[PDB]
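Here's a solo chain for you in structure tokens, the form deposited in one PDB entry.
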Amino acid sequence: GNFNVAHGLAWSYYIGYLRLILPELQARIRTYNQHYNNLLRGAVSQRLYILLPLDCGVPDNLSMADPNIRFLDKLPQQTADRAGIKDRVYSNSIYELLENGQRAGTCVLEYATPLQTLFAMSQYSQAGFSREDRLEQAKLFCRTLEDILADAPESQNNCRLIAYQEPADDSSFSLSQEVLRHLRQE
């Protein structure tokens, strides 16, 4: 009905990023696990885990968001700029999920960048954007994003959305646990 900025954000994210990165994602993780060391087999997960914090807060470093999340390595490149699409290549990060001072899991992990736009709008007066407005568009962003992936060809299979909202007060939340739950699940 109204403006609904989320719809545009979701499509740009998929068309301009997800669809270009996802196809070769499995291969780049295979390279890290099997072809970057002859003494050990890597155990990096097979999917791109996309953090979708409804509050749209996106820290520069994951560890600060949670100490139990630690940067491990850069996802190896392919490498091919001219495969057709061009934007390639892209920088991606592998993280180890700590639990009891012990590595519980490992995976390529990142926030949904468009949420920065959402966050920035709410902090921009001319936008007339409130907290609830941000939440509304954030939820919407996820809904339309997963709607897109469903119609996608296996792109949904190389990818998983981790949407979550933290309580406002007396808030006990563990990002790593949230991710782990997802990793562990399969």
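Between two forms, the rigid core is defined as the largest C-alpha subset superposing within 1.5 Å. Residues that one form lacks are left out of the comparison. One-based numbering along the sequence shown.
One more form of this protein should be noted, the form deposited in another entry, which is absent from this view; the next part is about it.
Undergrad: Align on the rigid core first; then say whether the Cα of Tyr124 has moved by at least 2 Å between this form and the one not shown.
TA: No, shifts by less than 2 Å.
Undergrad: Tell me, please, whether between this form and the one not shown the C-alpha of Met64 is shifted by 2 Å or more, with the rigid core used for superposition.
TA: No.
Undergrad: Does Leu40 shift between this form and the one not shown by 2 angstroms or more at the C-alpha, the core having been superposed?
TA: For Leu40, whose C-alpha is compared between this form and the one not shown after core superposition, the shift is 2 Å or more.
Undergrad: In the other entry, do the Cα atoms of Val44 and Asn38 sit closer or farther apart than here, given a shift of 3 Å or more?
TA: Between the C-alphas of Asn38 and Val44, the gap narrows in the other entry (3 Å or more compared with this form).
Undergrad: With the two forms aligned on the rigid core, where do runs of 3 or more residues move by 2 angstroms or more at the CA atoms between this form and the one not shown?
TA: The segment that shifts (3 or more residues, C-alpha shift of 2 Å or more) is 35 to 42 alone.
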